[PDB]
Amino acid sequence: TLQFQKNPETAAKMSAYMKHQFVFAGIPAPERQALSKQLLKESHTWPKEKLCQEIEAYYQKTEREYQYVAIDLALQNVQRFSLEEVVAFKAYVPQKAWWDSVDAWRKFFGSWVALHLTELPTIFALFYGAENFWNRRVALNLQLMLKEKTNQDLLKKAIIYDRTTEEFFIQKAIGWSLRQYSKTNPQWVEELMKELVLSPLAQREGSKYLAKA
């Protein structure tokens, strides 16, 4: 495997930023991309089994950027995965979980769905009602980039399921999903917030792009 040298100073600041949930090598995203560029390039040519093994191998390394590399390996190869391989990735979402890895997994699941729109409800269903809130954050935010292809019923159903959930990262996810969708359909978003009793946090977060909050 690729090996990051430690930038101890930057590493401590990134850790503090991530509320000390993880140790870092201390490597900003653009720099990580430059260091892992040859690896990501080579990854497109690997047999599927080799690719899955390498994603597992990087994910299990201790420093945080190695989870980012593993998730980039999946994202850069998102077109190569079948439905059944994508379903197997769900196993990683709860692993080493914080908003940073989970949102990266969500971008992976979201990108694959945007490639395979007919499986939107299948992937949504994988995460909907999950025991683990990080899994439900994926269901809530699966459609962030779908714009006019957002499935409103599914979005609404996820928000309703988590309406009064106390978890900070869940209320944030509801808010994010609404503000994103409001760039496409401000009326449906504004009306939903009037018809449901949302947390103050979701409501504030959900109304960022509206003319009147």
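Numbers for residues come from their place in the sequence shown, where the first is 1.
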{"item": "83 to 91 or 97 to 105, whichever carries the higher mean Cα B-factor", "value": "83 to 91"}
{"item": "Mean Cα B-factor comparison, 112 to 120 or 129 to 137, giving the higher one as deposited", "value": "112 to 120"}
{"item": "Member of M145, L155, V69, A173 with the greatest C-alpha B factor (per the PDB record)", "value": "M145"}
{"item": "Among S36, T45, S182, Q60 - the residue whose C-alpha B-factor is largest in the record", "value": "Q60"}
{"item": "CA B-factor ranking of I55, expressed as a third of its chain", "value": "middle"}
{"item": "Ranked against its chain, the third holding the CA B-factor of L73", "value": "lowest"}
{"item": "Third of the chain, ranked by Cα B-factor, where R32 sits", "value": "middle"}
{"item": "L201 - Cα temperature factor, lowest/middle/highest third of chain", "value": "highest"}
{"item": "Relative C-alpha B-factor of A16, binned into the chain's lowest, middle or highest third", "value": "lowest"}
